[PDB]
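K.L.:
One structure follows; several queries about it will come next.
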Amino acid sequence: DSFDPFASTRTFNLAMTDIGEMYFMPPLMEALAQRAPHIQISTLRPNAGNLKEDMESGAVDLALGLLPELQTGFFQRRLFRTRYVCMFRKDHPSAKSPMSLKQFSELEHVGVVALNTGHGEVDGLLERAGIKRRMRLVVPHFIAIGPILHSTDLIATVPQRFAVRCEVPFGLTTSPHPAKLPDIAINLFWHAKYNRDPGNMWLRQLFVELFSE
Amino acid sequence: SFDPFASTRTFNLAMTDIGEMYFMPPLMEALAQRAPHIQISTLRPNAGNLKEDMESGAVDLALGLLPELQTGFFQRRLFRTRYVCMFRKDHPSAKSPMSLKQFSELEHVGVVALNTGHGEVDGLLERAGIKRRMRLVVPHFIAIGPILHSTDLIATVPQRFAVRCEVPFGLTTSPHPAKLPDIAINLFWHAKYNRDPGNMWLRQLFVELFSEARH
């Protein structure tokens, strides 16, 4: 086909995690305002069936995150790797940075289940490393984290990006995590069929320009 | 009997993402003094089979619209919330109260919000013949604040959600230019546990904290 961002009115469909939405969308829409102001963007969670078939059909253009299932017929590219960080409200009575493992186990925690994303492991990685945490609140997803941490003496274990997005708006501070946790690798997946498609290419290159390290 | 100051029970609460964002901070803040040894865990209403889970006792309370819960379920109105138009405060052109004209002229973020009272909006507007430049459509509300803060987009969003996001993201709101209905936000619990001291107490706390009935 052909592609002119100035004029293009095409709809792009992006699969991403909720945090992925929170992190990618604002600087992307900000960029798209000056680069392709007439195209449309719609996001969806990866779980919603069926990612392989939909990406193969063209219903979904790109996908971002761990998404380990996509292998054959899929090009991928790593935008960045992110570390886990301990985050809490700045005026916290006792929390300190860098935080000791002892204090970590002593304090009370909010847990994000984060089922079927790479961030679901943490609550188990800590358990298998023999680190007791007082789980005062357990929520499925990350949306309520900032608000909760701001109004309580709770602490949370979140990826560094979620921390940076929330630090200023909710008066939160962070701390290098007291527990040896792995990094998460964040990739950009696109189907091999559309590897040469000008539009898909352009949007890809934009994602790389914006987010890659 | 049930003693909050001593109890170490886990309570399970079914609620939407916005519901989480709104109910959870002032609740945990309150529980810090009243019952500092209990545990709370939340979940979306769609996950699992909610009636069976609530009847079995896996889920204690559920908050929202939830028209599915009719029989064997007692409900209690916590409040009524109205739709509001939100955007960043330093917006080049957006004004409050916002004119319907300007609303149709500006660009929008849509939250699909499937299986919610909030899902209807995108349709209610269409059937009222109101065109919108849907620049970005997202499934849920999590990315809204950040997006609005960084772009000249505007969004149709529930009153309380707006209240949560105004201060952190430097957002202003506006009475919605379109005639939209109010959503009724209720507290549901199963009839089996209507007399259960713990469940009763937690209900009473939810009423004390969030009910606007008397005033």
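Residue names in the structure tokens use chain letters A, B, ... in the order shown, residue numbers from 1 in each chain, and ligand numbers from 1 in the order shown.
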Do you know which residues are at most 10 Å from stretch 136-138 of chain A counting only C-alpha atoms, after dropping those on the same chain fewer than 2 positions away, and could you put them as an NGL selection string?

P.N.:
(:A and (107-113 or 133-134 or 140-141 or 148 or 154)) or (:B and (10-12 or 24 or 28 or 32 or 36-43))

K.L.:
What would the file look like if the residues just selected were written as a tab-separated table (two decimals), in the first residue's frame with N, CA, C and O atoms?

P.N.:
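selection.tsv, freshly written:
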```tsv
chain	number	residue	atom	x	y	z
A	107	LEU	N	6.86	-3.81	57.45
A	107	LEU	CA	5.77	-2.94	57.02
A	107	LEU	C	4.61	-3.71	56.40
A	107	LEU	O	4.71	-4.91	56.14
A	108	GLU	N	3.51	-3.00	56.15
A	108	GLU	CA	2.31	-3.60	55.55
A	108	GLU	C	2.23	-3.31	54.06
A	108	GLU	O	2.65	-2.24	53.60
A	109	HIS	N	1.69	-4.26	53.30
A	109	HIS	CA	1.79	-4.22	51.85
A	109	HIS	C	0.45	-4.23	51.12
A	109	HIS	O	-0.54	-4.82	51.58
A	110	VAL	N	0.46	-3.56	49.97
A	110	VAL	CA	-0.57	-3.72	48.95
A	110	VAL	C	-0.01	-4.65	47.89
A	110	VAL	O	1.13	-4.49	47.46
A	111	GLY	N	-0.81	-5.62	47.47
A	111	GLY	CA	-0.38	-6.53	46.43
A	111	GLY	C	-1.25	-6.44	45.20
A	111	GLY	O	-2.48	-6.50	45.27
A	112	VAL	N	-0.59	-6.29	44.06
A	112	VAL	CA	-1.29	-6.36	42.79
A	112	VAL	C	-1.11	-7.77	42.22
A	112	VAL	O	0.00	-8.14	41.84
A	113	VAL	N	-2.19	-8.53	42.21
A	113	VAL	CA	-2.19	-9.88	41.65
A	113	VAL	C	-1.59	-9.89	40.25
A	113	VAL	O	-0.69	-10.68	39.97
A	133	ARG	N	5.48	-11.12	53.98
A	133	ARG	CA	4.90	-9.79	53.87
A	133	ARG	C	3.50	-9.81	54.44
A	133	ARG	O	2.74	-10.76	54.22
A	134	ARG	N	3.15	-8.77	55.19
A	134	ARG	CA	1.79	-8.63	55.68
A	134	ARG	C	0.91	-8.03	54.59
A	134	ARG	O	0.91	-6.82	54.38
A	140	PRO	N	-6.63	-6.65	42.13
A	140	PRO	CA	-6.28	-7.32	40.88
A	140	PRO	C	-5.31	-6.53	40.02
A	140	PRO	O	-4.38	-7.11	39.47
A	141	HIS	N	-5.52	-5.22	39.90
A	141	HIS	CA	-4.75	-4.41	38.97
A	141	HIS	C	-4.19	-3.12	39.59
A	141	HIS	O	-4.45	-2.82	40.75
A	148	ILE	N	-4.24	4.81	46.80
A	148	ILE	CA	-4.17	4.05	48.05
A	148	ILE	C	-2.91	4.38	48.85
A	148	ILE	O	-2.98	4.60	50.05
A	154	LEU	N	0.78	2.31	53.63
A	154	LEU	CA	1.10	1.08	52.93
A	154	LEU	C	2.26	1.28	51.96
A	154	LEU	O	2.51	2.40	51.51
B	10	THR	N	-10.16	-12.20	56.54
B	10	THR	CA	-10.05	-11.65	55.20
B	10	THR	C	-11.43	-11.35	54.64
B	10	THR	O	-12.33	-12.20	54.66
B	11	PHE	N	-11.61	-10.12	54.16
B	11	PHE	CA	-12.84	-9.73	53.47
B	11	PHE	C	-12.61	-9.63	51.97
B	11	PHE	O	-11.59	-9.10	51.52
B	12	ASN	N	-13.57	-10.13	51.19
B	12	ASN	CA	-13.49	-10.08	49.74
B	12	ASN	C	-14.56	-9.19	49.13
B	12	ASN	O	-15.76	-9.39	49.34
B	24	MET	N	-11.43	2.31	47.80
B	24	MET	CA	-10.31	1.73	48.55
B	24	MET	C	-9.47	2.70	49.40
B	24	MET	O	-9.18	2.39	50.55
B	28	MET	N	-9.29	1.98	53.45
B	28	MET	CA	-8.08	1.49	54.10
B	28	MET	C	-7.60	2.50	55.14
B	28	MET	O	-7.07	2.13	56.19
B	32	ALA	N	-7.44	1.43	59.23
B	32	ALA	CA	-6.16	1.53	59.93
B	32	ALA	C	-6.34	1.65	61.44
B	32	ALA	O	-5.51	1.17	62.21
B	36	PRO	N	-7.21	-2.98	62.44
B	36	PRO	CA	-5.87	-2.93	61.86
B	36	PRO	C	-5.24	-4.30	61.65
B	36	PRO	O	-4.07	-4.37	61.27
B	37	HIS	N	-6.00	-5.37	61.88
B	37	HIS	CA	-5.45	-6.71	61.76
B	37	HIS	C	-6.17	-7.57	60.73
B	37	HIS	O	-5.77	-8.70	60.48
B	38	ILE	N	-7.23	-7.04	60.14
B	38	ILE	CA	-7.95	-7.77	59.10
B	38	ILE	C	-7.28	-7.58	57.75
B	38	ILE	O	-6.41	-6.73	57.59
B	39	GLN	N	-7.69	-8.39	56.78
B	39	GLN	CA	-7.15	-8.31	55.43
B	39	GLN	C	-8.25	-8.06	54.40
B	39	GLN	O	-9.36	-8.59	54.53
B	40	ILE	N	-7.94	-7.26	53.39
B	40	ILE	CA	-8.89	-6.94	52.33
B	40	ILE	C	-8.35	-7.38	50.98
B	40	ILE	O	-7.17	-7.21	50.70
B	41	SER	N	-9.22	-7.95	50.15
B	41	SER	CA	-8.85	-8.30	48.79
B	41	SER	C	-10.03	-7.99	47.87
B	41	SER	O	-11.17	-8.30	48.20
B	42	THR	N	-9.74	-7.40	46.71
B	42	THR	CA	-10.81	-7.01	45.80
B	42	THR	C	-10.75	-7.77	44.48
B	42	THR	O	-9.76	-8.42	44.17
B	43	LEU	N	-11.84	-7.69	43.72
B	43	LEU	CA	-11.93	-8.35	42.43
B	43	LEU	C	-13.01	-7.72	41.57
B	43	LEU	O	-13.98	-7.17	42.09
```

K.L.:
Could the residues of stretch 122-213 of chain A that have an atom at most 10 Å from stretch 148-165 of chain B be listed as a tab-separated table, each with its closest atom pair and the distance in Å to one decimal, counting only C-alpha atoms and ordered by chain and ascending residue number?

P.N.:
```
residue	atom	partner	partner_atom	distance
A:147	CA	B:164	CA	7.9
A:169	CA	B:165	CA	9.1
A:170	CA	B:165	CA	9.8
```

K.L.:
Restricting it to N, CA, C and O atoms, dump the selection as a PDB file, in the first residue's frame.

P.N.:
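Below you can see again35.pdb, which holds the result:
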```pdb
ATOM      1  N   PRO A 147      -3.530   6.331  44.458  1.00  0.00           N
ATOM      2  CA  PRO A 147      -4.528   6.798  45.426  1.00  0.00           C
ATOM      3  C   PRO A 147      -4.408   6.124  46.791  1.00  0.00           C
ATOM      4  O   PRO A 147      -4.461   6.805  47.814  1.00  0.00           O
ATOM      5  N   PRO A 169       2.318  12.972  40.696  1.00  0.00           N
ATOM      6  CA  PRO A 169       0.888  13.251  40.889  1.00  0.00           C
ATOM      7  C   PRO A 169       0.319  12.836  42.250  1.00  0.00           C
ATOM      8  O   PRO A 169      -0.650  13.438  42.710  1.00  0.00           O
ATOM      9  N   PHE A 170       0.896  11.816  42.875  1.00  0.00           N
ATOM     10  CA  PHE A 170       0.351  11.296  44.125  1.00  0.00           C
ATOM     11  C   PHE A 170       1.276  11.490  45.319  1.00  0.00           C
ATOM     12  O   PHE A 170       1.030  10.936  46.387  1.00  0.00           O
TER      13      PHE A 170
END
```

K.L.:
Give the strand (DSSP E) residues of stretch 43-158 of chain B, as assigned by DSSP on the backbone, as an NGL selection string.

P.N.:
:B and (43 or 61-64 or 73-81 or 83-88 or 107-111 or 133-138 or 154-158)

K.L.:
Name the residues in contact with residue B:132 at a cut-off of 9 Å, using only C-alpha atoms, excluding same-chain residues fewer than 5 positions from it; report them as a PyMOL selection string.

P.N.:
chain B and resi 103-108+125-126

K.L.:
Within 10 Å of chain B, which residues of chain A show up when using only C-alpha atoms, listed as a PDB file with N, CA and C atoms, in the first residue's frame?

P.N.:
```pdb
ATOM      1  N   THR A  11      -7.222   3.539  11.289  1.00  0.00           N
ATOM      2  CA  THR A  11      -7.307   3.096  12.677  1.00  0.00           C
ATOM      3  C   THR A  11      -6.229   2.054  12.968  1.00  0.00           C
ATOM      4  N   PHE A  12      -5.451   2.286  14.021  1.00  0.00           N
ATOM      5  CA  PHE A  12      -4.473   1.307  14.483  1.00  0.00           C
ATOM      6  C   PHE A  12      -4.958   0.631  15.759  1.00  0.00           C
ATOM      7  N   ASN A  13      -4.722  -0.674  15.855  1.00  0.00           N
ATOM      8  CA  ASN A  13      -5.133  -1.445  17.026  1.00  0.00           C
ATOM      9  C   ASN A  13      -3.952  -2.011  17.790  1.00  0.00           C
ATOM     10  N   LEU A  14      -3.809  -1.583  19.037  1.00  0.00           N
ATOM     11  CA  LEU A  14      -2.652  -1.949  19.832  1.00  0.00           C
ATOM     12  C   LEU A  14      -3.056  -2.794  21.034  1.00  0.00           C
ATOM     13  N   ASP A  18      -2.444  -2.985  31.168  1.00  0.00           N
ATOM     14  CA  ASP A  18      -3.008  -1.751  31.695  1.00  0.00           C
ATOM     15  C   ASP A  18      -1.912  -0.730  32.006  1.00  0.00           C
ATOM     16  N   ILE A  19      -0.816  -1.199  32.596  1.00  0.00           N
ATOM     17  CA  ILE A  19       0.328  -0.332  32.852  1.00  0.00           C
ATOM     18  C   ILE A  19       0.943   0.090  31.528  1.00  0.00           C
ATOM     19  N   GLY A  20       0.917  -0.817  30.556  1.00  0.00           N
ATOM     20  CA  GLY A  20       1.411  -0.519  29.225  1.00  0.00           C
ATOM     21  C   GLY A  20       0.633   0.627  28.621  1.00  0.00           C
ATOM     22  N   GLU A  21      -0.673   0.619  28.862  1.00  0.00           N
ATOM     23  CA  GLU A  21      -1.547   1.683  28.400  1.00  0.00           C
ATOM     24  C   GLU A  21      -1.136   2.979  29.082  1.00  0.00           C
ATOM     25  N   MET A  22      -1.050   2.916  30.407  1.00  0.00           N
ATOM     26  CA  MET A  22      -0.717   4.075  31.228  1.00  0.00           C
ATOM     27  C   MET A  22       0.628   4.719  30.873  1.00  0.00           C
ATOM     28  N   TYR A  23       1.582   3.905  30.435  1.00  0.00           N
ATOM     29  CA  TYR A  23       2.935   4.374  30.166  1.00  0.00           C
ATOM     30  C   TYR A  23       3.117   4.810  28.715  1.00  0.00           C
ATOM     31  N   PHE A  24       2.634   4.001  27.780  1.00  0.00           N
ATOM     32  CA  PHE A  24       2.825   4.286  26.363  1.00  0.00           C
ATOM     33  C   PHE A  24       1.878   5.350  25.816  1.00  0.00           C
ATOM     34  N   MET A  25       0.614   5.314  26.231  1.00  0.00           N
ATOM     35  CA  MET A  25      -0.403   6.139  25.571  1.00  0.00           C
ATOM     36  C   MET A  25      -0.219   7.662  25.677  1.00  0.00           C
ATOM     37  N   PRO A  26       0.045   8.190  26.886  1.00  0.00           N
ATOM     38  CA  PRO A  26       0.207   9.650  26.950  1.00  0.00           C
ATOM     39  C   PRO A  26       1.344  10.229  26.088  1.00  0.00           C
ATOM     40  N   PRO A  27       2.571   9.676  26.155  1.00  0.00           N
ATOM     41  CA  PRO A  27       3.583  10.258  25.267  1.00  0.00           C
ATOM     42  C   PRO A  27       3.361   9.916  23.795  1.00  0.00           C
ATOM     43  N   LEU A  28       2.598   8.863  23.517  1.00  0.00           N
ATOM     44  CA  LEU A  28       2.298   8.493  22.136  1.00  0.00           C
ATOM     45  C   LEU A  28       1.266   9.430  21.522  1.00  0.00           C
ATOM     46  N   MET A  29       0.167   9.658  22.235  1.00  0.00           N
ATOM     47  CA  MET A  29      -0.880  10.551  21.749  1.00  0.00           C
ATOM     48  C   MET A  29      -0.351  11.975  21.632  1.00  0.00           C
ATOM     49  N   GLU A  30       0.527  12.342  22.560  1.00  0.00           N
ATOM     50  CA  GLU A  30       1.206  13.628  22.514  1.00  0.00           C
ATOM     51  C   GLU A  30       2.018  13.750  21.232  1.00  0.00           C
ATOM     52  N   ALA A  31       2.723  12.683  20.876  1.00  0.00           N
ATOM     53  CA  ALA A  31       3.525  12.677  19.660  1.00  0.00           C
ATOM     54  C   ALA A  31       2.651  12.674  18.410  1.00  0.00           C
ATOM     55  N   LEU A  32       1.636  11.814  18.405  1.00  0.00           N
ATOM     56  CA  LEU A  32       0.751  11.644  17.255  1.00  0.00           C
ATOM     57  C   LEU A  32       0.004  12.919  16.889  1.00  0.00           C
ATOM     58  N   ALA A  33      -0.133  13.816  17.860  1.00  0.00           N
ATOM     59  CA  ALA A  33      -0.787  15.098  17.646  1.00  0.00           C
ATOM     60  C   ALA A  33      -0.058  15.923  16.588  1.00  0.00           C
ATOM     61  N   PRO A  37      -2.246  13.558  12.825  1.00  0.00           N
ATOM     62  CA  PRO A  37      -3.347  14.086  13.630  1.00  0.00           C
ATOM     63  C   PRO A  37      -4.717  13.605  13.172  1.00  0.00           C
ATOM     64  N   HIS A  38      -4.763  12.744  12.161  1.00  0.00           N
ATOM     65  CA  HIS A  38      -6.039  12.303  11.612  1.00  0.00           C
ATOM     66  C   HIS A  38      -6.268  10.799  11.712  1.00  0.00           C
ATOM     67  N   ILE A  39      -5.286  10.074  12.238  1.00  0.00           N
ATOM     68  CA  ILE A  39      -5.444   8.640  12.450  1.00  0.00           C
ATOM     69  C   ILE A  39      -6.119   8.376  13.788  1.00  0.00           C
ATOM     70  N   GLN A  40      -6.637   7.164  13.950  1.00  0.00           N
ATOM     71  CA  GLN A  40      -7.288   6.767  15.193  1.00  0.00           C
ATOM     72  C   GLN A  40      -6.544   5.621  15.860  1.00  0.00           C
ATOM     73  N   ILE A  41      -6.544   5.619  17.189  1.00  0.00           N
ATOM     74  CA  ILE A  41      -5.893   4.568  17.962  1.00  0.00           C
ATOM     75  C   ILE A  41      -6.889   3.906  18.906  1.00  0.00           C
ATOM     76  N   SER A  42      -6.847   2.580  18.973  1.00  0.00           N
ATOM     77  CA  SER A  42      -7.653   1.846  19.939  1.00  0.00           C
ATOM     78  C   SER A  42      -6.820   0.743  20.577  1.00  0.00           C
ATOM     79  N   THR A  43      -6.904   0.630  21.896  1.00  0.00           N
ATOM     80  CA  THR A  43      -6.128  -0.365  22.615  1.00  0.00           C
ATOM     81  C   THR A  43      -7.016  -1.472  23.157  1.00  0.00           C
ATOM     82  N   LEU A  44      -6.400  -2.609  23.450  1.00  0.00           N
ATOM     83  CA  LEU A  44      -7.114  -3.734  24.021  1.00  0.00           C
ATOM     84  C   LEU A  44      -6.170  -4.578  24.857  1.00  0.00           C
ATOM     85  N   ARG A  45      -6.731  -5.274  25.831  1.00  0.00           N
ATOM     86  CA  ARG A  45      -5.944  -6.176  26.644  1.00  0.00           C
ATOM     87  C   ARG A  45      -5.604  -7.421  25.834  1.00  0.00           C
ATOM     88  N   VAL A 110       0.459  -3.560  49.965  1.00  0.00           N
ATOM     89  CA  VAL A 110      -0.571  -3.719  48.953  1.00  0.00           C
ATOM     90  C   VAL A 110      -0.011  -4.648  47.892  1.00  0.00           C
ATOM     91  N   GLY A 111      -0.810  -5.617  47.473  1.00  0.00           N
ATOM     92  CA  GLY A 111      -0.384  -6.526  46.432  1.00  0.00           C
ATOM     93  C   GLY A 111      -1.247  -6.437  45.198  1.00  0.00           C
ATOM     94  N   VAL A 112      -0.595  -6.286  44.055  1.00  0.00           N
ATOM     95  CA  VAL A 112      -1.286  -6.364  42.785  1.00  0.00           C
ATOM     96  C   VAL A 112      -1.105  -7.765  42.224  1.00  0.00           C
ATOM     97  N   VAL A 113      -2.192  -8.533  42.211  1.00  0.00           N
ATOM     98  CA  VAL A 113      -2.193  -9.880  41.645  1.00  0.00           C
ATOM     99  C   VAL A 113      -1.590  -9.889  40.250  1.00  0.00           C
ATOM    100  N   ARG A 134       3.148  -8.770  55.186  1.00  0.00           N
ATOM    101  CA  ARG A 134       1.791  -8.626  55.684  1.00  0.00           C
ATOM    102  C   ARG A 134       0.913  -8.032  54.592  1.00  0.00           C
ATOM    103  N   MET A 135       0.176  -8.889  53.895  1.00  0.00           N
ATOM    104  CA  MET A 135      -0.662  -8.443  52.788  1.00  0.00           C
ATOM    105  C   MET A 135      -1.973  -7.845  53.280  1.00  0.00           C
ATOM    106  N   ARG A 136      -1.967  -6.543  53.557  1.00  0.00           N
ATOM    107  CA  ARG A 136      -3.149  -5.906  54.129  1.00  0.00           C
ATOM    108  C   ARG A 136      -4.223  -5.726  53.076  1.00  0.00           C
ATOM    109  N   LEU A 137      -3.794  -5.406  51.863  1.00  0.00           N
ATOM    110  CA  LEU A 137      -4.715  -5.224  50.753  1.00  0.00           C
ATOM    111  C   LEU A 137      -4.195  -5.899  49.492  1.00  0.00           C
ATOM    112  N   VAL A 138      -5.064  -6.658  48.834  1.00  0.00           N
ATOM    113  CA  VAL A 138      -4.727  -7.287  47.568  1.00  0.00           C
ATOM    114  C   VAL A 138      -5.729  -6.876  46.505  1.00  0.00           C
ATOM    115  N   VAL A 139      -5.232  -6.250  45.447  1.00  0.00           N
ATOM    116  CA  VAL A 139      -6.088  -5.785  44.365  1.00  0.00           C
ATOM    117  C   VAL A 139      -5.681  -6.477  43.069  1.00  0.00           C
ATOM    118  N   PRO A 140      -6.627  -6.645  42.134  1.00  0.00           N
ATOM    119  CA  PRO A 140      -6.284  -7.318  40.877  1.00  0.00           C
ATOM    120  C   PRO A 140      -5.311  -6.525  40.017  1.00  0.00           C
ATOM    121  N   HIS A 141      -5.524  -5.218  39.902  1.00  0.00           N
ATOM    122  CA  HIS A 141      -4.747  -4.407  38.968  1.00  0.00           C
ATOM    123  C   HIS A 141      -4.194  -3.125  39.588  1.00  0.00           C
ATOM    124  N   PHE A 142      -3.442  -2.375  38.789  1.00  0.00           N
ATOM    125  CA  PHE A 142      -2.617  -1.280  39.293  1.00  0.00           C
ATOM    126  C   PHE A 142      -3.318   0.073  39.444  1.00  0.00           C
ATOM    127  N   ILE A 143      -4.519   0.198  38.891  1.00  0.00           N
ATOM    128  CA  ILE A 143      -5.217   1.485  38.838  1.00  0.00           C
ATOM    129  C   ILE A 143      -5.339   2.213  40.186  1.00  0.00           C
ATOM    130  N   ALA A 144      -5.661   1.484  41.250  1.00  0.00           N
ATOM    131  CA  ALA A 144      -5.921   2.121  42.539  1.00  0.00           C
ATOM    132  C   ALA A 144      -4.672   2.345  43.393  1.00  0.00           C
ATOM    133  N   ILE A 145      -3.516   1.914  42.900  1.00  0.00           N
ATOM    134  CA  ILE A 145      -2.290   1.924  43.698  1.00  0.00           C
ATOM    135  C   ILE A 145      -1.875   3.302  44.213  1.00  0.00           C
ATOM    136  N   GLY A 146      -1.684   4.251  43.302  1.00  0.00           N
ATOM    137  CA  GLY A 146      -1.328   5.614  43.669  1.00  0.00           C
ATOM    138  C   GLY A 146      -2.218   6.220  44.744  1.00  0.00           C
ATOM    139  N   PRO A 147      -3.530   6.331  44.458  1.00  0.00           N
ATOM    140  CA  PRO A 147      -4.528   6.798  45.426  1.00  0.00           C
ATOM    141  C   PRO A 147      -4.408   6.124  46.791  1.00  0.00           C
ATOM    142  N   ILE A 148      -4.241   4.805  46.799  1.00  0.00           N
ATOM    143  CA  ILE A 148      -4.172   4.052  48.047  1.00  0.00           C
ATOM    144  C   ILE A 148      -2.915   4.378  48.845  1.00  0.00           C
ATOM    145  N   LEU A 149      -1.776   4.406  48.162  1.00  0.00           N
ATOM    146  CA  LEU A 149      -0.499   4.685  48.808  1.00  0.00           C
ATOM    147  C   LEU A 149      -0.449   6.100  49.364  1.00  0.00           C
ATOM    148  N   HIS A 150      -1.108   7.023  48.674  1.00  0.00           N
ATOM    149  CA  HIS A 150      -1.108   8.413  49.099  1.00  0.00           C
ATOM    150  C   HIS A 150      -1.853   8.621  50.416  1.00  0.00           C
ATOM    151  N   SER A 151      -2.893   7.827  50.648  1.00  0.00           N
ATOM    152  CA  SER A 151      -3.750   8.029  51.815  1.00  0.00           C
ATOM    153  C   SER A 151      -3.536   7.004  52.926  1.00  0.00           C
ATOM    154  N   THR A 152      -2.561   6.118  52.752  1.00  0.00           N
ATOM    155  CA  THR A 152      -2.264   5.106  53.763  1.00  0.00           C
ATOM    156  C   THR A 152      -0.764   4.954  53.967  1.00  0.00           C
ATOM    157  N   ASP A 153      -0.385   4.292  55.054  1.00  0.00           N
ATOM    158  CA  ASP A 153       1.022   4.028  55.327  1.00  0.00           C
ATOM    159  C   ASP A 153       1.472   2.717  54.687  1.00  0.00           C
ATOM    160  N   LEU A 154       0.777   2.310  53.631  1.00  0.00           N
ATOM    161  CA  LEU A 154       1.101   1.076  52.930  1.00  0.00           C
ATOM    162  C   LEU A 154       2.256   1.283  51.960  1.00  0.00           C
ATOM    163  N   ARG A 165       5.557   7.248  36.681  1.00  0.00           N
ATOM    164  CA  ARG A 165       4.300   7.885  36.281  1.00  0.00           C
ATOM    165  C   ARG A 165       3.505   8.428  37.466  1.00  0.00           C
ATOM    166  N   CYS A 166       3.691   7.823  38.635  1.00  0.00           N
ATOM    167  CA  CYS A 166       2.867   8.136  39.800  1.00  0.00           C
ATOM    168  C   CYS A 166       3.574   8.972  40.862  1.00  0.00           C
ATOM    169  N   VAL A 168       5.139  12.019  41.039  1.00  0.00           N
ATOM    170  CA  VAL A 168       4.714  13.410  41.186  1.00  0.00           C
ATOM    171  C   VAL A 168       3.215  13.634  41.457  1.00  0.00           C
ATOM    172  N   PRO A 169       2.318  12.972  40.696  1.00  0.00           N
ATOM    173  CA  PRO A 169       0.888  13.251  40.889  1.00  0.00           C
ATOM    174  C   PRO A 169       0.319  12.836  42.250  1.00  0.00           C
ATOM    175  N   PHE A 170       0.896  11.816  42.875  1.00  0.00           N
ATOM    176  CA  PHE A 170       0.351  11.296  44.125  1.00  0.00           C
ATOM    177  C   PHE A 170       1.276  11.490  45.319  1.00  0.00           C
ATOM    178  N   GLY A 171       2.333  12.272  45.137  1.00  0.00           N
ATOM    179  CA  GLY A 171       3.253  12.568  46.219  1.00  0.00           C
ATOM    180  C   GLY A 171       3.862  11.314  46.798  1.00  0.00           C
TER     181      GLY A 171
END
```

K.L.:
Once DSSP has gone over the backbone, tell me which residues of stretch 5-172 of chain B are in alpha helix (DSSP H), as a PyMOL selection string.

P.N.:
chain B and resi 17-34+50-56+100-105+121-127+144-150+159-169
